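This report refers to the structure that appears directly beneath it.
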Amino acid sequence: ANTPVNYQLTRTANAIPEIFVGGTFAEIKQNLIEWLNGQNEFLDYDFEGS
Amino acid sequence: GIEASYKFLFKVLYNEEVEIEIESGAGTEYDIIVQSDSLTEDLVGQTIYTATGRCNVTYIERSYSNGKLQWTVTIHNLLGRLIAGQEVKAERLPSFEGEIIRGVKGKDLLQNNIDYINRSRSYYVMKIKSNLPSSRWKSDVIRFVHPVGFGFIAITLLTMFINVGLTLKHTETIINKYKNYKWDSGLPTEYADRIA
Amino acid sequence: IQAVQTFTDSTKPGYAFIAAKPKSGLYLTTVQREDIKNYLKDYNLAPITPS
Amino acid sequence: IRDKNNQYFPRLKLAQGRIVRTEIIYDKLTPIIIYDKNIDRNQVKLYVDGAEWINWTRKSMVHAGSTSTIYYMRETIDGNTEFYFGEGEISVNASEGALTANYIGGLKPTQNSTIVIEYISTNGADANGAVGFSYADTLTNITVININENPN
Amino acid sequence: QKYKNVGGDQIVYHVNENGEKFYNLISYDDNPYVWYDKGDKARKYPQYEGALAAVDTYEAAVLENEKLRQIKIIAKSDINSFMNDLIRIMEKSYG
Amino acid sequence: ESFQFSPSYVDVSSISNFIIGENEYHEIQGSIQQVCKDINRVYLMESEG
Amino acid sequence: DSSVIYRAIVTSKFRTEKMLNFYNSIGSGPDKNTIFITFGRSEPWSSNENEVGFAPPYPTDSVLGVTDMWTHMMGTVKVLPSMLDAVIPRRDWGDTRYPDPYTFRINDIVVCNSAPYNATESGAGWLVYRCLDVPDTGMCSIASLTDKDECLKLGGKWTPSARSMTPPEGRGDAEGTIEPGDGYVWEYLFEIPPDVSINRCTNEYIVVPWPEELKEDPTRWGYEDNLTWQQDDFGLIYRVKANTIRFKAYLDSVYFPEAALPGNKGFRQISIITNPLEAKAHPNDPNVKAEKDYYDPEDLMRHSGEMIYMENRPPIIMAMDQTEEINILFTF
Amino acid sequence: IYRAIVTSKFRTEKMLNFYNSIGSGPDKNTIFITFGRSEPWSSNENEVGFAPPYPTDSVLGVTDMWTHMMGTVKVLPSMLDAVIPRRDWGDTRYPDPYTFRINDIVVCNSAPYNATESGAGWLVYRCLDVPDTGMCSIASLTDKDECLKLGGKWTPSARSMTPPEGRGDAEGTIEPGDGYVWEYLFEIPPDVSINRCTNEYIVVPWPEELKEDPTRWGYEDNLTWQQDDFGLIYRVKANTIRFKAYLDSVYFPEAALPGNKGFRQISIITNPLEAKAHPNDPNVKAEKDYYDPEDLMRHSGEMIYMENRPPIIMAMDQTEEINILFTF
Amino acid sequence: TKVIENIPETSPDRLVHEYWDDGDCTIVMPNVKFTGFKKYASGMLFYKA
């Protein structure tokens with residue numbers, strides 16, 4: 001009944017390559033704040049230090 | 001909208017074989033000899049029929065025997081086996097009536113020819129054949145290639161592709177060495193040896 | 001064909017008409033008519049048989 | 001066919017520039033580039049291993065089928081020619097049926113296919129005019145006494 | 001950067017004396033002057049013979065950026081007179 | 001079709017390369033009767049007519 | 001160490017031979033096989049069956065599997081030998097659709113007259129040529145060799161460089177394109193008359209004539225002209241080495257309205273049966289082979305005869321006033 | 001996207017047609033078997049481990065084989081039999097004489113250890129059910145019933161006590177006790193056994209030949225309920241035919257003479273036509289048992305099966321035998 | 001390759017004539033008939049035999 005599936009259709013209704021999608025600033029930072037972290041140049045610096 | 005559009009269409013789309021029927025089609029050539037009298041020739045391109053079937057004439061020439069003209073038409077293809085005498089009527093026109101028709105070629109059918117049954121319109125409105133069931137292919141072809149303004153009629157078919165032979169082989173061949181007792185011999189070489 | 005004049009009739013679908021003066025003659029000769037429609041036939045809208 | 005008097009003229013017809021054939025192995029994913037500008041579109045021909053291929057380009061993939069020997073020229077944005085093909089990629093269910101047309105108008109040369117393509121680098125500006133001609137080649141046993149220019 | 005994954009110091013093309021760039025070419029080394037291209041294994045179809053230059057990817061980079069040298073510009077005199085006009089057009093372009 | 005002619009050529013043969021035209025074929029004809037008593041005996045000749 | 005080590009092969013002809021035999025074995029009434037073809041299982045494989053990508057369960061062979069297939073069976077249809085034909089894959093000169101229309105490989109078999117672009121000659125049915133020799137320049141299937149002749153001297157396949165100029169022509173026994181010039185040579189076989197073309201031929205597969213049916217007319221097949229030296233021959237299928245037979249069948253709603261009725265979920269699976277026996281009221285009564293073209297599965301004896309070949313499909317829906325066609329082929 | 005299968009029976013079926021298809025004279029196949037190529041493969045050919053070059057199929061390959069061909073022998077249908085691999089109850093030499101798998105087919109009375117019963121030809125039983133304890137082919141399952149309910153193969157632990165007996169329908173040593181149960185098929189009469197049977201392959205009777213005696217084959221006893229049946233070969237599902245042929249020096253002394261390096265390669269041919277002095281003369285299919293390749297028309301008949309071996313040397317007064325098994 | 005030919009040495013039948021005359025040259029031909037080519041032709045050649 002209704003719709004069974006094997007991994008079907010594609011990528012919602014329409015393309016959103018979605019690397020492009022604007023995210024929430026905090027998350028943007030939250031993403032980027034990680035980015036600077038793990039940077040080989042410094043593993044020392046604490047970012048949550050205001 | 002070209003023919004090739006249709007066939008190709010599923011190749012990309014359904015990657016499966018389709019065929020769509022127009023009467024003219026690829027097959028073109030004609031053998032019979034028609035005796036009629038001053039037919040409008042508008043029927044050139046418009047099929048006529050016996051029992052065995054109906055096909056369209058691109059144009060007619062008519063030449064003289066006995067002083068009645070002899071129409072010699074020009075047709076694409078044939079439905080059913082022609083016969084010298086056949087009951088003739090124009091698909092497109094009711095009014096006209098044709099000669100008995102000399103040359104003969106067929107189109108095969110489970111129950112050949114007869115009147116078949118229940119031919120629409122002039123039923124010619126052009127046919128389509130494929131494996132895949134319609135309503136799967138129904139919406140898109142009109143969405144794509146099949147024109148508005150026309151219906152079409154669809155018979156379906158299937159084929160089956162099966163290896164018998166790969167299983168068949170020769171397993172192995174063997175042979176044997178025997179000493180036949182024909183009499184007609186002396187012993188001499190050696191002796192004895194195998195003893196019951 | 002000096003000028004070829006295409007037309008149809010709605011009464012008969014599936015078909016197309018073109019008008020031709022071979023201008024070598026008052027009537028278009030046949031050998032053309034088979035030669036052309038042949039070459040023509042390459043592009044024919046499947047539901048339609050041009051004539 | 002050589003003519004009585006032992007000599008013969010061919011008709012023949014010519015183009016600007018020089019040939020380059022480039023033998024290239026096939027890869028699933030690689031762009032097949034011609035870095036060379038001055039190449040001429042219709043002066044190009046490729047051999048897949050074994051086969052010269054057509055381009056539709058100027059023509060129609062909905063014409064023919066999937067499974068067709070063929071190629072498509074195109075343009076890298078850099079300004080040099082990449083060209084490609086389609087996969088009609090082909091299979092047999094059991095062996096009994098005919099070779100299956102799948103995918104799209106074209107036929108994919110399998111991986112590792114040998115691809116040589118032949119074309120012409122060209123200078124088309126000075127190409128026009130150019131009446132004055134000569135036989136640059138040398139071919140054994142075949143000696144042109146005259147080339148009749150603006151022949152025929 | 002751009003070549004690194006492909007490879008460094010990649011010889012991009014052979015350029016003849018005349019200046020004609022020859023892409024995808026190598027000499028079989030018996031006669032360095034005869035050039036069988038590549039993917040060929042040579043032994044066959046040398047597409048040219050003679051002495052050609054080859055272009056280093058570094059040097060290759062140079063000529064690219066080299067082309068950028070000249071620019072088409074408008075006179076510093078007219079730069080002002082020009083400016084107003086376009087501005088005025090933008091008013092027509094505002095509406 | 002194809003080849004232009006034009007004021008061109010002395011050669012007969014280059015044109016013969018294709019005049020168009022038509023080429024050879026074989027055909028088999030009829031059964032045979034023995035002149036006498038065996039057909040293997042008899043032999044054939046055909047002048048063109 | 002292995003003392004004796006030997007090699008042996010079956011010719012492709014033996015495939016053909018089985019076929020020709022197998023063709024012989026369909027009988028009329030007596031002592032030669034009779035064939036019925038059956039469909040059934042209105043019942044759904046599973047709820048998915050409709051959806052795309054669904055593959056019905058792979059059929060099962062067993063006295064159990066038989067019974068089940070034998071259980072659901074909707075309808076049955078006989079097969080006349082004249083619906084059985086030998087066929088080879090059709091390949092036409094100049095056909096755009098398929099790759100290299102102009103490039104032919106040795107021993108390939110090319111059809112002429114099939115299509116307008118193909119057609120050289122009017123007033124004749126389809127032609128069948130085989131391509132003996134291909135242009136000298138080309139590429140070898142064995143990568144080691146750049147010469148056609150050398151490629152072939154080892155026997156590796158060769159693909160020629162130069163495309164065919166023209167489709168082959170002539171009845172003439174050797175006669176591809178030999179004198180004036182070309183890389184291809186063409187071998188002639190026979191010509192196919194149009195009606196059979198039209199009715200039998202599928203653009204993938206030409207239909208190939210039987211030796212028997214050939215014995216009737218060598219001319220209608222254009223074969224009368226040639227040269228055999230064995231006398232009558234007609235064994236042509238040997239020369240072409242067709243390994244493939246085409247079963248053709250025609251289903252019609254009328255014989256089996258019950259499975260045809262509106263709302264039938266159609267038949268999932270197909271089964272063929274050989275030499276079944278009629279239903280009998282009294283089990284001691286002698287068996288009877290089945291003449292009529294269709295039998296409701298009831299009118300057939302349970303399990304009588306042997307069914308060689310079982311099939312399972314996504315449901316197919318028959319419909320009344322539809323006329324559905326089935327083809328099954330065989331390479332022996 | 002559909003799924004479909006051919007029954008194993010159709011293997012059998014091909015044979016039966018094919019068996020039907022060998023004709024006597026008319027309009028049904030006739031089969032000749034040919035040997036040839038005195039010529040040495042290579043100097044090595046004699047040596048151990050030598051494998052002749054893999055044969056070639058072509059009008060060329062034909063010609064060459066047709067060239068060297070030493071001799072030719074016909075085949076009468078009575079030299080064609082259906083066969084299945086022989087396995088006897090209790091034979092020590094070979095593994096698990098006492099361990100049988102479901103549906104295996106067991107011959108009885110063949111040998112003294114085998115023999116239960118004197119005064120009866122060989123018996124053929126199939127083993128319906130096997131002891132409960134055993135081993136599964138699928139390592140995941142420890143139950144025979146579960147192994148089989150899923151369909152994986154099962155190997156039983158417990159050996160059979162005795163080879164099965166009785167004409168009746170499943171016997172099976174079911175009542176008193178055993179892990180094996182047994183179904184009866186038919187009995188093989190001795191004469192056919194000795195002469196036909198290869199210790200690897202018993203000969204399976206033809207349905208026609210069956211139509212003649214149900215008794216001599218012990219099949220008369222059973223139950224068919226279809227009236228005559230006799231389609232027994234379906235039940236055993238033999239897909240394999242055994243060609244038997246007899247070569248003799250006498251027909252071909254020339255190849256028999258002392259010092260021949262023998263024939264390398266073998267070929268069978270179907271429906272060749274006789275030599276004719278005059279090619280217009282009507283063709284003649286070949287009755288006699290042997291023909292010098294000369295006495296046969298060039299290229300006449302079809303050779304299905306080509307063969308290449310290290311050289312075998314025939315000798316006069318020697319008698320050589322060939323067996324060939326086609327698995328359809 | 002039909003021919004327009006023979007009747008040489010100005011024999012009355014030919015009607016083929018060069019006419020030098022009147023300061024000029026006049027060259028006459030009968031109309032040409034062609035059939036049964038079975039094939040697609042372009043052009044026509046008058047080939048001096």
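Each chain in the structure tokens gets a letter, A, B and so on, in the order shown; residues start at 1 in every chain, and ligands are counted from 1 in the order they appear.
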May I have the residues within 9 Å of range 10-14 of chain F as a count of residues only, using only C-alpha atoms and disregarding those fewer than 4 positions away in the same chain?
10
Assign secondary structure with DSSP using the backbone only, and return the residues of range 11-73 of chain E in helix (DSSP H, G or I) as number ranges by chain.
E: 57-67
Output C-alpha atoms for every residue in the selection just made, as a PDB file, in the first residue's frame.
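out_9.pdb, freshly written:
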ATOM      1  CA  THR E  57      55.076  24.758 -16.831  1.00  0.00           C
ATOM      2  CA  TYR E  58      56.690  27.650 -14.954  1.00  0.00           C
ATOM      3  CA  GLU E  59      57.533  29.367 -18.205  1.00  0.00           C
ATOM      4  CA  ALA E  60      54.110  28.231 -19.406  1.00  0.00           C
ATOM      5  CA  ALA E  61      52.602  30.177 -16.526  1.00  0.00           C
ATOM      6  CA  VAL E  62      54.607  33.253 -17.502  1.00  0.00           C
ATOM      7  CA  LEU E  63      53.306  33.594 -21.056  1.00  0.00           C
ATOM      8  CA  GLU E  64      49.733  33.309 -19.823  1.00  0.00           C
ATOM      9  CA  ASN E  65      50.023  36.145 -17.324  1.00  0.00           C
ATOM     10  CA  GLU E  66      52.267  37.819 -19.884  1.00  0.00           C
ATOM     11  CA  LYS E  67      49.336  38.290 -22.259  1.00  0.00           C
TER      12      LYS E  67
END
For range 226-239 of chain H, work out the shell of residues within 8 Å, counting only C-alpha atoms and skipping chain neighbours fewer than 3 positions away, then give it as number ranges by chain.
G: 283-287; H: 8-9, 11-12, 15, 82-84, 204-207, 210-211, 327-328
Excluding residue 307 in chain G and any residue of its chain fewer than 3 positions from it, enumerate the residues within 6 Å of it, using only C-alpha atoms, and give them as a list in words.
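Those residues are residues 272, 273 and 274 of chain G.
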Just-selected residues, N, CA and C atoms written as a PDB file, in the first residue's frame:
ATOM      1  N   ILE G 272       5.553 -22.830 -20.730  1.00  0.00           N
ATOM      2  CA  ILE G 272       5.381 -23.600 -21.949  1.00  0.00           C
ATOM      3  C   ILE G 272       5.305 -25.065 -21.545  1.00  0.00           C
ATOM      4  N   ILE G 273       4.571 -25.861 -22.317  1.00  0.00           N
ATOM      5  CA  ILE G 273       4.432 -27.287 -22.042  1.00  0.00           C
ATOM      6  C   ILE G 273       4.484 -28.030 -23.369  1.00  0.00           C
ATOM      7  N   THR G 274       5.084 -29.219 -23.317  1.00  0.00           N
ATOM      8  CA  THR G 274       5.226 -30.104 -24.457  1.00  0.00           C
ATOM      9  C   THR G 274       4.507 -31.425 -24.239  1.00  0.00           C
TER      10      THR G 274
END
Selection: 7 Å around residue 16 in chain C, only C-alpha atoms, excl. self and same-chain fewer than 6 positions, as a list in words:
residues 7, 8, 49, 50 and 51 of chain C
For the residues in that selection, give me C-alpha atoms as a PDB file, in the first residue's frame.
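Contents of again26.pdb, as written:
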ATOM      1  CA  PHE C   7      -0.650  22.755 -48.524  1.00  0.00           C
ATOM      2  CA  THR C   8      -2.949  20.276 -46.812  1.00  0.00           C
ATOM      3  CA  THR C  49       2.814  11.228 -44.933  1.00  0.00           C
ATOM      4  CA  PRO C  50       3.697  14.183 -47.162  1.00  0.00           C
ATOM      5  CA  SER C  51       2.541  13.707 -50.714  1.00  0.00           C
TER       6      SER C  51
END
Nearest to chain G, restricted to only C-alpha atoms and choosing among I:39, I:4, I:17, I:11, comes out as I:39
Would you write out, as JSON lines, a table of all residues in range 150-221 of chain G that have an atom no more than 12 Å from an atom of range 26-48 of chain D, listing for each the closest atom pair and the distance in Å to one decimal, considering only C-alpha atoms and ordering rows by chain and rising residue number?
{"residue": "G:159", "atom": "CA", "partner": "D:48", "partner_atom": "CA", "distance": 10.2}
{"residue": "G:160", "atom": "CA", "partner": "D:47", "partner_atom": "CA", "distance": 10.4}
{"residue": "G:161", "atom": "CA", "partner": "D:47", "partner_atom": "CA", "distance": 7.8}
{"residue": "G:162", "atom": "CA", "partner": "D:47", "partner_atom": "CA", "distance": 10.3}
{"residue": "G:163", "atom": "CA", "partner": "D:47", "partner_atom": "CA", "distance": 11.5}
Would you save the residues from that selection as a PDB file, in the first residue's frame, using N, CA, C and O atoms?
ATOM      1  N   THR G 159      39.440  -4.894 -37.315  1.00  0.00           N
ATOM      2  CA  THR G 159      38.451  -3.933 -37.690  1.00  0.00           C
ATOM      3  C   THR G 159      39.068  -3.049 -38.757  1.00  0.00           C
ATOM      4  O   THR G 159      40.175  -2.539 -38.564  1.00  0.00           O
ATOM      5  N   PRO G 160      38.426  -2.895 -39.899  1.00  0.00           N
ATOM      6  CA  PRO G 160      39.011  -2.093 -40.969  1.00  0.00           C
ATOM      7  C   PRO G 160      38.839  -0.609 -40.716  1.00  0.00           C
ATOM      8  O   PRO G 160      37.897  -0.170 -40.056  1.00  0.00           O
ATOM      9  N   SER G 161      39.767   0.165 -41.269  1.00  0.00           N
ATOM     10  CA  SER G 161      39.673   1.609 -41.119  1.00  0.00           C
ATOM     11  C   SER G 161      38.630   2.155 -42.069  1.00  0.00           C
ATOM     12  O   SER G 161      37.767   2.938 -41.662  1.00  0.00           O
ATOM     13  N   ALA G 162      38.671   1.754 -43.326  1.00  0.00           N
ATOM     14  CA  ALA G 162      37.888   2.465 -44.314  1.00  0.00           C
ATOM     15  C   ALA G 162      36.459   1.940 -44.290  1.00  0.00           C
ATOM     16  O   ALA G 162      36.226   0.729 -44.218  1.00  0.00           O
ATOM     17  N   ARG G 163      35.511   2.864 -44.304  1.00  0.00           N
ATOM     18  CA  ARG G 163      34.100   2.543 -44.315  1.00  0.00           C
ATOM     19  C   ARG G 163      33.691   2.034 -45.691  1.00  0.00           C
ATOM     20  O   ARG G 163      34.375   2.267 -46.694  1.00  0.00           O
TER      21      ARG G 163
END
Could you list the residues in chain H lying within 6 Å of chain G, using only C-alpha atoms, and format the result as a list in words?
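Listed by rising number, the hits are residues 1, 2, 3, 4, 5, 6, 7, 10, 48, 49, 51, 54, 304, 305, 306, 307, 308 and 309 of chain H.
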Write the residues of the preceding selection, restricted to N, CA and C atoms, as a PDB file, in the first residue's frame.
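See selection23.pdb below for the written result:
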ATOM      1  N   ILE H   1      11.004  -6.511 -13.643  1.00  0.00           N
ATOM      2  CA  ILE H   1      11.837  -7.172 -14.631  1.00  0.00           C
ATOM      3  C   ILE H   1      11.857  -8.680 -14.268  1.00  0.00           C
ATOM      4  N   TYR H   2      11.352  -9.470 -15.206  1.00  0.00           N
ATOM      5  CA  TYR H   2      11.021 -10.885 -15.101  1.00  0.00           C
ATOM      6  C   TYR H   2      12.193 -11.844 -14.901  1.00  0.00           C
ATOM      7  N   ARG H   3      11.837 -13.064 -14.481  1.00  0.00           N
ATOM      8  CA  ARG H   3      12.738 -14.191 -14.263  1.00  0.00           C
ATOM      9  C   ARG H   3      12.142 -15.441 -14.920  1.00  0.00           C
ATOM     10  N   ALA H   4      12.980 -16.272 -15.546  1.00  0.00           N
ATOM     11  CA  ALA H   4      12.467 -17.465 -16.223  1.00  0.00           C
ATOM     12  C   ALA H   4      13.485 -18.598 -16.308  1.00  0.00           C
ATOM     13  N   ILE H   5      13.007 -19.860 -16.323  1.00  0.00           N
ATOM     14  CA  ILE H   5      13.935 -20.987 -16.373  1.00  0.00           C
ATOM     15  C   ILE H   5      13.462 -22.105 -17.290  1.00  0.00           C
ATOM     16  N   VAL H   6      14.439 -22.856 -17.797  1.00  0.00           N
ATOM     17  CA  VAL H   6      14.277 -24.127 -18.499  1.00  0.00           C
ATOM     18  C   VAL H   6      14.399 -25.306 -17.548  1.00  0.00           C
ATOM     19  N   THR H   7      13.493 -26.272 -17.652  1.00  0.00           N
ATOM     20  CA  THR H   7      13.636 -27.423 -16.778  1.00  0.00           C
ATOM     21  C   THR H   7      14.840 -28.257 -17.216  1.00  0.00           C
ATOM     22  N   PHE H  10      14.412 -30.588 -20.130  1.00  0.00           N
ATOM     23  CA  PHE H  10      14.662 -30.215 -21.505  1.00  0.00           C
ATOM     24  C   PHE H  10      16.033 -30.679 -21.968  1.00  0.00           C
ATOM     25  N   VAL H  48      55.193 -36.876 -22.409  1.00  0.00           N
ATOM     26  CA  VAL H  48      54.172 -36.744 -21.402  1.00  0.00           C
ATOM     27  C   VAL H  48      53.786 -35.272 -21.324  1.00  0.00           C
ATOM     28  N   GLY H  49      52.596 -35.017 -20.807  1.00  0.00           N
ATOM     29  CA  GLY H  49      52.169 -33.653 -20.684  1.00  0.00           C
ATOM     30  C   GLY H  49      51.865 -32.968 -21.991  1.00  0.00           C
ATOM     31  N   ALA H  51      49.865 -31.568 -24.933  1.00  0.00           N
ATOM     32  CA  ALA H  51      48.505 -31.218 -25.296  1.00  0.00           C
ATOM     33  C   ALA H  51      48.459 -30.677 -26.711  1.00  0.00           C
ATOM     34  N   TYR H  54      44.886 -26.296 -29.568  1.00  0.00           N
ATOM     35  CA  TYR H  54      43.441 -26.203 -29.430  1.00  0.00           C
ATOM     36  C   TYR H  54      42.781 -26.129 -30.792  1.00  0.00           C
ATOM     37  N   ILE H 304      30.084 -32.272 -36.449  1.00  0.00           N
ATOM     38  CA  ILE H 304      29.637 -31.389 -35.372  1.00  0.00           C
ATOM     39  C   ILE H 304      30.780 -31.083 -34.427  1.00  0.00           C
ATOM     40  N   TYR H 305      31.615 -32.083 -34.254  1.00  0.00           N
ATOM     41  CA  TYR H 305      32.504 -32.225 -33.120  1.00  0.00           C
ATOM     42  C   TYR H 305      33.880 -32.595 -33.631  1.00  0.00           C
ATOM     43  N   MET H 306      34.852 -31.763 -33.307  1.00  0.00           N
ATOM     44  CA  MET H 306      36.206 -31.968 -33.762  1.00  0.00           C
ATOM     45  C   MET H 306      37.056 -32.226 -32.542  1.00  0.00           C
ATOM     46  N   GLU H 307      38.168 -32.913 -32.743  1.00  0.00           N
ATOM     47  CA  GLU H 307      38.869 -33.408 -31.578  1.00  0.00           C
ATOM     48  C   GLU H 307      40.354 -33.409 -31.927  1.00  0.00           C
ATOM     49  N   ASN H 308      41.210 -33.112 -30.950  1.00  0.00           N
ATOM     50  CA  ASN H 308      42.653 -33.273 -31.127  1.00  0.00           C
ATOM     51  C   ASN H 308      43.303 -33.914 -29.903  1.00  0.00           C
ATOM     52  N   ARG H 309      44.185 -34.884 -30.121  1.00  0.00           N
ATOM     53  CA  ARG H 309      44.796 -35.675 -29.067  1.00  0.00           C
ATOM     54  C   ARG H 309      46.289 -35.740 -29.312  1.00  0.00           C
TER      55      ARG H 309
END
Residues within 9 Å of residue 215 in chain G, please, as a list in words. Count only C-alpha atoms; anything in the same chain fewer than 5 positions from it doesn't count.
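The residues satisfying every condition are residues 210, 232, 233 and 234 of chain G.
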Output file for the residues above (N, CA and C atoms, as a tab-separated table (two decimals), in the first residue's frame):
chain	number	residue	atom	x	y	z
G	210	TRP	N	13.89	-22.27	-43.94
G	210	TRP	CA	14.18	-23.65	-43.61
G	210	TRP	C	14.71	-24.36	-44.85
G	232	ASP	N	21.43	-30.61	-54.75
G	232	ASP	CA	20.30	-29.78	-54.39
G	232	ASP	C	20.53	-28.93	-53.16
G	233	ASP	N	21.30	-29.42	-52.19
G	233	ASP	CA	21.62	-28.65	-51.01
G	233	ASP	C	20.35	-28.19	-50.30
G	234	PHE	N	20.17	-26.87	-50.26
G	234	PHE	CA	19.09	-26.20	-49.56
G	234	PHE	C	19.36	-26.12	-48.07
Set the cut-off to 12 Å and count only C-alpha atoms: what are the residues of chain H that reach chain F? Output as a compact mmCIF listing (two decimals) with N, CA, C and O atoms, in the first residue's frame.
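Saved to part_34.txt:
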# COMPACT_ATOMS: atom_id res chain seq x y z
N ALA H 277 30.99 -40.90 -59.42
CA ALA H 277 31.88 -40.58 -60.52
C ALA H 277 31.37 -39.35 -61.25
O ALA H 277 32.16 -38.51 -61.71
N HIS H 278 30.07 -39.20 -61.33
CA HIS H 278 29.66 -38.06 -62.10
C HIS H 278 28.88 -37.14 -61.19
O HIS H 278 27.79 -37.51 -60.74
N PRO H 279 29.35 -35.91 -60.99
CA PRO H 279 28.70 -35.01 -60.04
C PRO H 279 27.24 -34.74 -60.34
O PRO H 279 26.58 -34.15 -59.49
N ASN H 280 26.74 -35.07 -61.53
CA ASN H 280 25.33 -34.80 -61.79
C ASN H 280 24.48 -35.95 -61.29
O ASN H 280 23.25 -35.82 -61.21
N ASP H 281 25.14 -37.05 -60.94
CA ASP H 281 24.49 -38.26 -60.47
C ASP H 281 23.83 -37.92 -59.14
O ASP H 281 24.31 -37.04 -58.42
Each chain G residue no farther than 6 Å from chain D, nearest pair in Å, only C-alpha atoms, as a Markdown table:
| residue | atom | partner | partner_atom | distance |
| --- | --- | --- | --- | --- |
| G:96 | CA | D:64 | CA | 5.1 |
| G:97 | CA | D:64 | CA | 3.3 |
| G:98 | CA | D:68 | CA | 5.0 |
| G:99 | CA | D:68 | CA | 3.7 |
| G:100 | CA | D:69 | CA | 5.6 |
| G:138 | CA | D:50 | CA | 5.6 |
| G:139 | CA | D:50 | CA | 4.3 |
| G:159 | CA | D:50 | CA | 4.7 |
| G:161 | CA | D:51 | CA | 6.0 |
| G:331 | CA | D:96 | CA | 5.5 |
Please identify all residues of chain B having at least one atom at most 12 Å from any atom of chain H, considering only C-alpha atoms, and return them as a PyMOL selection string.
chain B and resi 131-132+158-185
Residues of chain B within 6 Å of chain C, counting only C-alpha atoms, what are they? List them as a PyMOL selection string.
chain B and resi 1-3
Restricting the output to N, CA and C atoms, write the selected residues as a short mmCIF file (atom, residue, chain, number, x, y, z; two decimals), in the first residue's frame.
data_model
loop_
_atom_site.label_atom_id
_atom_site.label_comp_id
_atom_site.auth_asym_id
_atom_site.auth_seq_id
_atom_site.Cartn_x
_atom_site.Cartn_y
_atom_site.Cartn_z
N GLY B 1 9.14 14.93 -33.38
CA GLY B 1 7.99 14.55 -34.18
C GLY B 1 8.32 13.70 -35.39
N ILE B 2 9.60 13.60 -35.76
CA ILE B 2 9.98 12.63 -36.77
C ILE B 2 9.66 11.25 -36.24
N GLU B 3 9.48 10.32 -37.16
CA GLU B 3 9.38 8.92 -36.79
C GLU B 3 10.50 8.58 -35.82
#
Quick one: residues within 10 Å of residue 316 in chain G, only C-alpha atoms, excluding same-chain residues fewer than 6 positions away - as a ChimeraX atom specification?
/B:132-133 /G:39-42,50,264-269
I need the residues from that last selection saved to file as a short mmCIF file (atom, residue, chain, number, x, y, z; two decimals), in the first residue's frame (with N, CA and C atoms), if you can.
data_model
loop_
_atom_site.label_atom_id
_atom_site.label_comp_id
_atom_site.auth_asym_id
_atom_site.auth_seq_id
_atom_site.Cartn_x
_atom_site.Cartn_y
_atom_site.Cartn_z
N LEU B 132 6.51 -2.39 -23.15
CA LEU B 132 6.16 -1.71 -21.91
C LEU B 132 4.69 -1.32 -21.90
N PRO B 133 3.97 -1.53 -20.80
CA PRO B 133 2.54 -1.22 -20.77
C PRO B 133 2.28 0.28 -20.85
N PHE G 39 -0.04 -19.26 -19.45
CA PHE G 39 0.09 -18.07 -18.62
C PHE G 39 -0.80 -18.26 -17.41
N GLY G 40 -0.47 -17.57 -16.33
CA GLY G 40 -1.29 -17.68 -15.15
C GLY G 40 -0.88 -16.73 -14.06
N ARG G 41 -1.35 -17.04 -12.86
CA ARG G 41 -1.10 -16.27 -11.66
C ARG G 41 -1.62 -14.84 -11.79
N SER G 42 -2.95 -14.72 -11.73
CA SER G 42 -3.52 -13.40 -11.49
C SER G 42 -2.86 -12.83 -10.26
N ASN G 50 4.00 -3.70 -8.81
CA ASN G 50 3.76 -2.59 -9.71
C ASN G 50 4.97 -1.68 -9.80
N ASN G 264 -8.83 -7.81 -13.99
CA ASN G 264 -7.83 -8.83 -13.83
C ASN G 264 -6.50 -8.16 -13.53
N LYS G 265 -5.76 -8.71 -12.57
CA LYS G 265 -4.44 -8.16 -12.35
C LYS G 265 -3.48 -8.75 -13.34
N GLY G 266 -3.99 -9.56 -14.25
CA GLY G 266 -3.15 -10.07 -15.28
C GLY G 266 -2.36 -11.21 -14.73
N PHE G 267 -1.59 -11.78 -15.59
CA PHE G 267 -0.86 -12.99 -15.31
C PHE G 267 0.57 -12.59 -15.01
N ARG G 268 1.11 -13.19 -13.95
CA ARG G 268 2.46 -12.83 -13.53
C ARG G 268 3.45 -13.58 -14.38
N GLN G 269 3.18 -14.85 -14.62
CA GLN G 269 4.21 -15.78 -15.01
C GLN G 269 3.74 -16.63 -16.17
#
